[PDB]
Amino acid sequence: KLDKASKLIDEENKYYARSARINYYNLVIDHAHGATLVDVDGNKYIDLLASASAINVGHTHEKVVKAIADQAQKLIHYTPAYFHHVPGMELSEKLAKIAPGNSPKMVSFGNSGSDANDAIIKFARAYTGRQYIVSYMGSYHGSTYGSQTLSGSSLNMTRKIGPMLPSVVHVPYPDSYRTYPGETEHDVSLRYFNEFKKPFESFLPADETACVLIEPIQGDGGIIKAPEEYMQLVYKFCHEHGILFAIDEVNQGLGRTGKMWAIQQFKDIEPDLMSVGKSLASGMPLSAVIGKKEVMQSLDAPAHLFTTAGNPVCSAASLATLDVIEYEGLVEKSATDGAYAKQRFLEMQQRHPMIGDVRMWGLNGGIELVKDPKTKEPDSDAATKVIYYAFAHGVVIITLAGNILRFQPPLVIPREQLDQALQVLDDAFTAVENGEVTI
């Protein structure tokens, strides 16, 4: 079942540092296609992680596979940091326009979402001439010294490595589930906007805040969407004070949320800056920061550039990846399957009381499990047990914040495989309730 896989993981742990991996189970993938993973042992699973929302278009999509192998024969690499290639020129043009909004934009290439967010700090700082950056608790923007300082979802991203980047203030992200009693969405929006302002009313000058970076829906936080009114308040606040408005679309973008972009789950908001990564190259190492033209011109070279960034083989794969999304109606597909998945999960909650909250926007959801529906006490054990039952039954799914099931399969997932996956979870809950799982 996992024999060949375990023998190898045990040799990788001698040579590969434990800091670079979050460990759940022994999974040594041989190959995969669409939403199906096959390990070296021959076990087939249904993928509900999509490699951390990096494979919206499914594993080894033939169009993407072909682009890669085609481009590799011509030019594996020549750095855009010095010269020019057709795939990159084409892709920067396309990203500049498909980004939300109608203001002219420019693009800057990276290898990872992390460096894209580092870029955001740069551009924001150089454009405004201000130094302070506001980010959110519960957020995750990367592992580079800039984007890690912004993050607030793991204490291990601060431990033993400080001091971090100076001039960063964190604020709390609106939690609509663990609220005070009798609190409407409007009250939640107003409460969290009060917290948002307190720093600006005490030690943090609004005139010296370069920007505010926010995930329209916090991924690592537990698929938490900020209330519509809250986003508007913060948005208005930024433009009223010269503070750039930046979004992290690294995880929640490219159709994940049932719209091209997660910020498009909101009314008429265009970001000054935004980070795109992961799925852009179907898992290949490509990222980008997109921004209003005037902001992207604020820096002179080489303020922000990487040798391997905007790799032609990777740019080709992103060009195919985007054609796949538009041509297979993946954005629209996600909104639909996300609505059907929500229904089945809301129905599961009528039978399984442990499922405290069902958050879902497109094929993008968080299934928050608790010990009691009225106390909302996190249940890491129920959640932990559910996934293992899933793994042993051909479904790969993980957790966020211990007790929340992370549901983010490839957007191209066939309906047959979704019902097949949604069933195994239905069983997992019963299996857990009837005390049948002991990890």
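Between two forms, the rigid core is the largest collection of C-alphas that superpose within 1.5 Å. Note that residue numbering begins at 1 and tracks the sequence as displayed.
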(request) Between 394 to 402 and 27 to 35, report the one with more C-alpha displacement in 5 other deposited structures of this protein relative to this form after a rigid core superposition. (result) 27 to 35
(request) Superpose on the core, then say which of 76 to 84 and 95 to 103 ends up with the larger RMS Cα offset from this form in 5 other deposited structures of this protein. (result) 76 to 84
(request) Would you mind checking whether residue 307 is unresolved in the model of at least a third of the other PDB entries compared? (result) yes
(message) I need to verify one thing: averaged over C-alpha atoms only, is the B-factor higher for 47 to 55 or for 385 to 393?
(response) 385 to 393
(request) Return whichever of 298 to 306 and 111 to 119 has the greater mean Cα B factor according to the PDB record. (result) 298 to 306
(request) Tell me which of 354, 254, 238, 317 tops the list for C-alpha B factor in the record. (result) 354
(message) When the deposited Cα B-factors of this chain's modelled residues are ordered and cut into thirds, is residue 343 in the lowest, the middle or the highest one?
(response) highest
(message) Is residue 149 in the lowest, middle or highest third of its chain when residues are ranked by C-alpha B-factor?
(response) lowest
(request) Would you please rank residue 94 by its C-alpha temperature factor against the other modelled residues of its chain and give the third it falls in: lowest, middle or highest? (result) middle
(request) Select lowest, middle or highest to describe the third in which the CA B-factor of residue 249 falls within its chain in this entry. (result) lowest
(request) Taking the chain's C-alpha temperature factors as the reference, tell me which third residue 215 falls into: lowest, middle or highest. (result) lowest
